[PDB]
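Below sits a lone chain in structure tokens, taken as the form deposited in one PDB entry.
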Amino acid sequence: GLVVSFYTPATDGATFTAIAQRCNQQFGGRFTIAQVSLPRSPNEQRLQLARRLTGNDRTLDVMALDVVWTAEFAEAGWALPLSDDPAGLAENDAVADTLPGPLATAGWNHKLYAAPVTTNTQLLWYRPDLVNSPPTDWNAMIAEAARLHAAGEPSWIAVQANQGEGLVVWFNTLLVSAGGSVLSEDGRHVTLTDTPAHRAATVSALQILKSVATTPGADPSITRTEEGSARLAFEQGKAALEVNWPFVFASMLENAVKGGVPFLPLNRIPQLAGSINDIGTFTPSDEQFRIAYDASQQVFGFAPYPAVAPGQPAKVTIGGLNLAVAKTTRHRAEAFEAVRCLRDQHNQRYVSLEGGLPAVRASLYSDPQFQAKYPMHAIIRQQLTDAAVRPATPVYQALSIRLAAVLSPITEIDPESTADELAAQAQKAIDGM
């Protein structure tokens, strides 16, 4: 029958292709979901969708949106409200058995405009064979990197952050962890420097960025304009401390079994031969998972994101993907039916355990069979419960571009003057209404 197109980030395309294929067996031949890839970069993801939306591409049906695009797509009319489902089932489905943090990212002006499908929060990943106890706060991270450099050990702090959205995410986490905020609750005022407490938070965050950027043994890549991968730096043994989203867990086991991780030669364990399937994905039996995870524990550990204020946890910026029905769709009923099928319990287990993307269904985090394959589950749920959020505003794309340009390169941050420049650039973004 008809085709429901399903646009997703390219890096997640294989995972969502698998989910769509499962969802296509359950539709009685009434319709088919066809996954289509978008570039890497949240901003260029959005750009491609916005061109199709303003050009009235009537073949565009369902979109996997970064959590920061809700306000823009809702206010533009590009994402239909879930109440536009002709069956009237979308809103109840979106909230049922779903964590509240993700749901907050899917709303605008008191209505839902998307159904959460994946969420995200960053953890500390470390080498337990080199780092005796994982740092609990950022001054401790700095000290550990220095101690490693002095011992001749890998000294990079690999943070998934170059000159774009990941850098804005890191800054947002530090800022909110210190008690600040980019914008006011209603999104209409810049609150980086408007009170002494807010200015103090912004300065504290900038001081941490600058300190990490200039630790002895820091990555020479910080200053340049090119793109590096924290995940790959750690897998290659260039860093013993990494701050990243939890997809690095699935990556570490898979690439180790393939032979791509020098300090974790799972490719030399006979019991793991053939645990890569014929499309290249690590798909272990229960016993193979136990063998690979036990081996990995010697060289790979995880821990909460480091705090800014010692003594209590960080407030970690939430990430993820929400499923929205485009206003261009010719088939609203089937597009909303597809959204419900894409986020069902079976496909949520799959998106976390094979795709590396945290599920949004609360039940999974209370499910011992899921917990046995997703060992980070408790820290992830804790960090999603008291999460920082990036500002929700229709001009987010312009705000993030202006913020990232001030922050980058982080070696050139000077906390007091950079704080004022940030506030002035943020103000230009929201002055564009």
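Numbers follow the displayed sequence, beginning with 1.
Keep in mind the form deposited in another entry is missing from the figure; the text below concerns it.
Exercise. At which of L364, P306, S408, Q288 does the chain hinge as its rigid parts turn between the shown form and the other one?
Worked result: Domain boundary, by the fit switch, is at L364.
Exercise. Quick one: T215 and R224 C-alpha atoms, closer or farther in that other deposited form compared with this form (3 angstroms or more)?
Worked result: Note: Cα gap between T215 and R224 shrinks in that other deposited form.
Exercise. Versus the form shown, are the CA atoms of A230 and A14 closer or farther apart in that other deposited form, given a shift of 3 angstroms or more?
Worked result: Relative to this form, farther apart in that other deposited form.
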